[PDB]
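# Topology and contacts: notes
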Amino acid sequence: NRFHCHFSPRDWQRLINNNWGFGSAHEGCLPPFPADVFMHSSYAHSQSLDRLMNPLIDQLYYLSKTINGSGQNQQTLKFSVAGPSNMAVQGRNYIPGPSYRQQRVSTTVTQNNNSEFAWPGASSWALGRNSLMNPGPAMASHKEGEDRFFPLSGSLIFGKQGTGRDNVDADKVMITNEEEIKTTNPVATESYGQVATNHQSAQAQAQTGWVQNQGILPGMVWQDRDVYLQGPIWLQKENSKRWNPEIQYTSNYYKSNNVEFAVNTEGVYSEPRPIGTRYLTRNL
Amino acid sequence: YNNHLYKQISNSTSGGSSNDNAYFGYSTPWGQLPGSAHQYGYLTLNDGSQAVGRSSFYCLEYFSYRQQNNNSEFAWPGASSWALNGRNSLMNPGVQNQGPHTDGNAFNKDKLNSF
Amino acid sequence: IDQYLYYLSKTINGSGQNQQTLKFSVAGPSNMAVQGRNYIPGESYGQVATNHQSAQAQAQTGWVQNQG
Amino acid sequence: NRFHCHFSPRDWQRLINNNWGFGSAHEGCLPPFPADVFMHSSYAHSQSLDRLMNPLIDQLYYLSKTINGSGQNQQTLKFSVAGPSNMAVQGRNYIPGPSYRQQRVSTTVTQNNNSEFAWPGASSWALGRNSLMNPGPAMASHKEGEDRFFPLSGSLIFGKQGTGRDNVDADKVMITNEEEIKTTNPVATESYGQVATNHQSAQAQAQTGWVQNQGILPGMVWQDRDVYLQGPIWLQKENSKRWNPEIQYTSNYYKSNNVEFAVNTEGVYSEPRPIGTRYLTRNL
Amino acid sequence: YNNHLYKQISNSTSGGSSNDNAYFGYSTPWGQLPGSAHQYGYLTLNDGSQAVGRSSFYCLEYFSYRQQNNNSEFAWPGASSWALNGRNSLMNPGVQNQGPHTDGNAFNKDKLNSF
Amino acid sequence: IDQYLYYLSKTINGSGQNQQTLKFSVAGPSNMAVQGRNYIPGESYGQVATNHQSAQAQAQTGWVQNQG
Amino acid sequence: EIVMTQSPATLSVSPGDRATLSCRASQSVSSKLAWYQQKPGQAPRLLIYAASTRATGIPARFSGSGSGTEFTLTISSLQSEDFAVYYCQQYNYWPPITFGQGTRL
Amino acid sequence: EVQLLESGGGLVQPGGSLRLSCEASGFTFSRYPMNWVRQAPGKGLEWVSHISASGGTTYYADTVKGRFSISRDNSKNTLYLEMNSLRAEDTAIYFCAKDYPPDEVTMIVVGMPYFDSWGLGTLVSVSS
């Protein structure tokens, strides 16, 4: 019940590069390497849920100004066409999937807080026992450009070969990232959005609050969590017209002491890094 | 359109006003491919005004949530929005809240510019 | 039988200044609560994180009263 | 009569990653980009010709010692088994292909000689007129690791979009390097080998000379020059049992001004780099 | 053989230090796959004693030129050779000269080590 | 009609110390000896390079008296 | 080698004022040059590369031009954040890559 | 982020040795060229060495030529400078500089050595 039982790395490469598609996760599976004795959507959207519009054509109206200017008794209602100039205010038929927030952790330790927040700062659900939420709903691991941040419990973490059982270093383990799904799904460490918390009036300023958790709404779309060569289990070909060449999964060109996904001098087979399934692209 | 030219359009070509409005895409001469309530153009994945590796070029020649007068500007400040990859998008049209192909729902070698 | 997943066991080395660290440990029959679970249920439903931690800010959590 | 007429970048990528195989080179062909109005082995050997042996087993005999030691009248004949310990001396059935030496040039200028050797220092042939040898026999561009060196007339030099007609700089024009063919082929800038120039005797030392050019000898195997998306023209599926993943052509995911193989803001289609097809592998 | 282990072998495992003899490959427990006039083992591409990314690991479980006594040493120096990718190789068996698939020619998770 | 291939026209800008440079030009009707060709014939036959050039060493060539 | 010479030793000007400083080099550096700044106790930061091409994270006020033996960097609307040493470097003829003496500001 | 961290000794006896190590993160180490830039106290930065992404070709300053050796490890994702037989003149602040643009595999590499990202620097001082 782990993909690397049934696939070789060379085979897993043929699968993920060429195809758009194809019980508690305990140890004890068949080994990844056959000589050892033992005791789905796979693509990344090329567009974001909020950019689906035509960039050349105006749309519908939104409220641009609630005041004319600075002073007393300046109230007004102005309206503007939602268009290419301002793309944040346009109307959309669909919205991103649900979110249940994780605490954000930084792989550069000095910018983490100097306190013990492993358990106390964790997202949980109670059932009179509090269980950690792991990994939880599918959410983008980190914002664009930030690779150093990962959600506390929100990811799958595999150990490297030889990694001990208890209190190992960060390098000794392999932290997966969901970054592909940032198109349709909210970021795991970010609030879902804002909602108005009051009724405005001449005496009341508009108040908002952050949505830290969100259930399903009509119109949401989402992606599931990707599966990994090392991950639990329980073809569709690419038709795309994309002009420019794809991202593919390739083994590193440079010379090394020992080959990746092979055995070393001691005869110990090892899997260097976690391998996801999502490389090819589709339109949203 | 466009003197028969596919052309790259980006936030920088529109003035690059804000992160919320950043975009990257192409404009086509035309009038599998990318319904938004509006010449053919389309947007792809963008980082700021730039383009990430995943972004793809297409050649067509190859074929409740609560909603909100006070004397203040609350148009954008007091608006109910949702955030995607670090960009706030207005929720339009739509206990303060409750509960697309996806898993859920003489000969000269140059080209000729004269026409 | 242990899971092959890891969890973040510790964030600090001890008491003092500049003790930040990241330590990971296997989830197993000894620590049942932090194991990975494929399905979640449908008193407060649980907790969520309300802020980004930093060297300046400590981690904060909120109580979830209702959930969809 | 250039592949980029009939193939898009995506298709060319699709071709070269999954498959083991499938007129003066003037301008004037159909342009690579459809909107523009205008006026064979594909794999890299995973073994090198000289390493074909089994490393674990001895072989035949070679001559190890021609003297006993330092002094007078020490002439002797000694022998030893060709084996794993010394692999250079083992007898082999096949030998690397033909060679015609090109002068070596370095892209970084401070390395090159301060003289005009463009025409004088080049490999030419005569027919009363002398003509340059370009590109010539198929040979490896440079020894392993040395990318900054290129054979003077042994490579196909394309040019970047918008490049001038005359006296453009090195960065201006692309220079393809046949790194894959080194396994079966001699390096274009290295001599083929040494021969004996005389007969030794009590008064005469063994004397050798360098082979600058060597025609065909029975037993030569070789590879031919790869084809490029930009290159002139005039499916076999991959059968490999390799365990670890292949080197595959891919596009790096990093923020950049322009998408590669796409129009810029002014609408000029550009090809950033040459792309040949040798990526998957075969045993020799 | 190898107590049922595939083991990386290399030039450094032999101690190496000479370029012409530097090799890289694997040794298999056994007695498409990689005739040399000699356990089963095979060599792949190397650079020095290390391995380029183009190396390939195979799991078996998954199925004229003139030739040359003087009182000096001419055994290596006086011999005719050919060089490939910088490595010299003796010409064996074989105007001083005249003229392969290719184009031309309790439970524990650790694996059980006790047999 | 030009070829789309390039050749190395100049290795120096002028006379004097440190004039090394690499320049390239289009092979075309004007200079026909430098065009790349698909087939070669089978007086000496030609010239090969006998050495690696460097800052110290000039490029040397030698005559091919016989060729296979 | 090529000796880069950066003419003003220390250019003291007032903020909100267009500053133009230059560096001349022996022989010809073509168009291959780059501008750096080093604030006290801080790693350098790449400003301009090639001739006029401005690096990504650079404010739109910095701009530069030149060719051959002579080059100009134009800072417009100086601010308090911009006071530091500057450097030019040519990657044309190397090794050894050369760095200019610098212009304090 | 392209963070560059290097660690080295602050003191040695003249004629001695030291090993600098720069560890990289936030970008593909293999893709880009690397090199060390040395700054003397109260002096302009001076270039020391250079190493290609492959590691096949390395360049050195005449001052340093043959005395120091630069090394790359792509797998371990670190850059090394092994300096030995130092002299009092060598005392300075060394920097780790990431070369911009990346080396390309298909073309014969041409290198423009202008550094996009730098390191915070280490201090080597040799005196008795």
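Per the PDB entry, chain G goes by Fab3-1 light chain and derives from Homo sapiens. Recorded in the entry header as its title is "Fab3-1 in complex with the capsid of Adeno-associated virus type 9".

In the annotation of the PDB entry, chain C is listed under the name Capsid protein VP1 and assigned to Adeno-associated virus.

A count of helical and extended segments in chain C gives zero helices and four strands. When the helices and strands of chain C are listed from N to C terminus, the series reads β-β-β-β. Taking 2.2 N^0.38 as the reference for a compact globule, 68 residues should give roughly 11 Å; the C-alpha atoms of chain C span a radius of gyration of 15 Å, well beyond that estimate. Taken along the three principal axes of its C-alpha coordinates, chain C extends 40 × 35 × 15 Å. The burial tally for chain C puts 47% of its 68 residues in the buried class.

Broken down by element type, chain G carries zero helices and nine strands. Along chain G, from the amino end to the carboxyl end, the secondary structure elements read β-β-β-β-β-β-β-β-β. The C-alpha atoms of chain G give 13 Å as radius of gyration, which agrees with the globular expectation for 105 residues (13 Å, within 12%). By principal-axis analysis of the C-alpha atoms, chain G measures approximately 35 × 25 × 20 Å. A buried classification covers 49% of the 105 residues belonging to chain G.

Right, let's talk about the state of the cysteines for a bit. Using the criterion set out here, one finds two disulfides over all chains in the structure. Disulfide partner of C23(G): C88(G), at an S-S distance of 2.0 Å. Taking the sign of the S-S torsion, 125 degrees for the link of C23(G) and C88(G), the bridge is right-handed. In this pair, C23(G) is assigned in strand β2 (residues 19-25) and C88(G) in strand β8 (residues 85-90), connecting sequence segments 65 residues apart. Among the residues examined, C23(G) registers a relative accessible area of 1% and is labelled buried. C29(A) provides the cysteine sulfur closest to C5(A), a residue in no disulfide bond, and the two sulfurs are 4.4 Å apart.

Time to look at the pattern of salt bridges. Any two side chains of opposite charge can pair, given that their charged atoms come close. Scanning the model with the defined rule gives 43 salt bridges over all chains in all. In this structure, the salt-bridge partner of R54(B) is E179(A), at a minimum N-O distance of 2.8 Å. One end of the pair, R54(B), is in the loop between β5 (50-51) and β6 (81-84); the other, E179(A), is in the loop between β12 (173-175) and β13 (193-196), on a second chain. A salt bridge links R165(D) to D166(D), with the shortest nitrogen-to-oxygen separation between them at 3.0 Å. Taken together, the shared-partner salt bridges in this structure form one network comprising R10(A), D11(A), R14(A), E238(D), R242(D) and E246(D).

We now examine the pairing of β6(B). Residues and elements named next belong to chain B. Neither face of β6 is exposed, since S81 and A83 on one face and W82 and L84 on the opposite face are all buried. Direction of pairing for β6 relative to strand β7 (residues 87-90): antiparallel, over a ladder of four bridges. Within β7, the position partnered with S81 by the bridge is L90. Remark: two residues form the turn of the hairpin made by β6 and β7, two consecutive strands paired antiparallel; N85 in that turn has positive phi of roughly 50 degrees.

Once that is clear, we can look at a nonpolar patch on the surface. Residues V37(A), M39(A), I1(C), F107(E), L112(E) and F115(E) make up a contiguous nonpolar surface patch of roughly 580 Å² in combined accessible area. Mapped onto the fold, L112(E) is located in the segment after β5 (87-90). On the basis of relative accessibility, which here comes to 37%, the residue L112(E) falls in the partly exposed class.

What follows deals with the interface of chain D and chain E. Facing 92 residues of chain D, the contacting portion of chain E comprises 70 residues. The contact between chain D and chain E buries some 7,200 Å² in all, and 52% of this surface belongs to carbon and sulfur atoms. Here chain D is connected to chain E by one salt bridge. Our count for the chain D to chain E interface comes out at 44 residue pairs in polar contact. Of all the secondary structure elements, the ones that give two or more residues to the side of chain D that touches chain E are β2 (44-45), β5 (95-96), β11 (193-196), β12 (208-211), β13 (213-214), β14 (220-221) and β16 (281-282) of chain D. Partitioning the side of chain D that touches chain E into residue classes produces 36 nonpolar, 41 polar and 15 charged. Where β11(D) lies against strand β4 (residues 81-84) of chain E, two bridges are found, and the strand directions are antiparallel. In the sheet register, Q194(D) faces β4(E), and the bridge partner there is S81(E).

Here we come to the side chain of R54(B). Residue classification places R54(B) among the buried residues on the basis of a relative accessible area of 8%. Here the side chain of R54(B) touches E179(A) through a polar contact of 2.8 Å, side chain to side chain. Once you skip the residues sitting within four places of it in the chain, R54(B) turns out to touch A44(A), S46(A), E179(A), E180(A), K182(A), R242(A), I247(A), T281(A), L45(B) and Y253(D).

To continue, consider the sheet that holds strand β1 (residues 4-7) of chain H. Residues and elements named next belong to chain H. Pairing in this open sheet of four strands is antiparallel, and the strands run β1-β3-β9-β8 from one edge to the other. Looking along the sheet, the strands with just one partner apiece sit at the ends: β1 and β8 (68-73). Taken over all neighbouring pairs, the strand axes of this sheet differ in orientation by 15 degrees on average, direction set aside. Examined bridge by bridge, β8 and strand β9 (residues 78-84) share six bridges and lie antiparallel to one another. Paired with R72 across the strands is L79, a residue of β9.

In this structure the tally under the stated criterion is 53 aromatic pairs over all chains. Both rings, one in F24(B) and one in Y26(B), keep their centres 5.8 Å apart while their planes meet at 80 degrees; by these two values the pair is edge-to-face. Taken individually, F24(B) and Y26(B) each receive the classification buried, so the pair is uniform in this respect. Each ring, one from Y6(E) and one from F57(E), has its centre 5.9 Å from the other, and the planes form 75 degrees; the classification is edge-to-face. No difference in accessibility class separates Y6(E) from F57(E), as the two residues are buried. Three or more aromatic residues link up through ring pairs in this structure, and these residues are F33(A), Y269(A), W243(D), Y6(E), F24(E), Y26(E), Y40(E), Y42(E), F57(E), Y58(E) and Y62(E). Taking the ring centre of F149(A) as reference, the NZ or CZ of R104(A) above it sits at 3.9 Å.

So, on to the side chain of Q6(G). Residues and elements named next belong to chain G. By the element assignment, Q6 lies in strand β1 (residues 4-6). Taking relative accessible area as the criterion, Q6 reaches 8% and is therefore assigned buried. Reaching out from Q6, the side chain makes a polar contact with the backbone oxygen of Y86 at a distance of 3.5 Å. A distance of 3.2 Å separates a polar atom in the side chain of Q6 from a polar atom in the side chain of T103. What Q6 contacts, discounting residues up to four positions off in sequence, is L21, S22, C23, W35, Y86, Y87, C88, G100, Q101, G102 and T103.

A few words now on the nonpolar core. Of all hydrophobic cores here, the largest spans 43 residues; its most connected members are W35(G), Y36(G), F115(H) and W118(H). Of all the secondary-structure elements, those providing two or more residues to this core are β2, β3 (33-38), β4 (45-49), β7 (70-75) and β8 of chain G together with β5 (45-47), β10 (92-100) and β11 (114-118) of chain H. If sequence neighbours within four positions are ignored, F115(H) has contacts with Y36(G), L46(G), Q89(G), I97(G), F99(G), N35(H), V37(H), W47(H), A97(H), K98(H) and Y100(H).

Scoring rules and cut-offs
- Residues numbered from 1 in each chain as written, not as in the entry; some residues may be left out.
- Chains lettered and ligands numbered in written order.
- Heavy atoms only, no water.
- Helix = DSSP H or I, 4+ residues; strand = E, 2+ residues; numbered from the N terminus.
- Rg over C-alpha atoms; globule rule 2.2 N^0.38 Å.
- Buried < 20%, exposed > 50% of the residue type's maximum accessible area, 1.4 Å probe, protein only.
- Disulfide = S-S within 2.5 Å.
- Salt bridge = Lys/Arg side-chain N within 4 Å of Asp/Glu carboxyl O.
- Pairing = 2+ DSSP bridges.
- Patch = residues over 30% accessible without salt bridge, like charges linked within 9 Å, V, L, I, M, F, W, Y side chains within 5 Å.
- Areas by Shrake-Rupley, 256 points an atom, 1.4 Å probe, with all protein chains shown as cover.
- Contact = heavy atoms within 4.5 Å.
- Buried area = accessible area lost by both parts, 1.4 Å probe.
- Polar contact = N/O pair within 3.5 Å; in protein donor to acceptor, adjacent residues only side chain to side chain.
- Nonpolar A, V, L, I, M, F, W, Y, C, P; charged D, E, K, R; others polar.
- Axes fitted to C-alpha atoms, helices over the stretch in contact; angles between N-to-C directions.
- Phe/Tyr/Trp six-rings, centres within 6.5 Å; stacked < 30°, edge-to-face > 60°.
- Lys NZ or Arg CZ within 6 Å of the ring centre and 35° of its normal.
- Core = buried A, V, L, I, M, F, W, Y, C linked by side-chain atoms within 4.5 Å.

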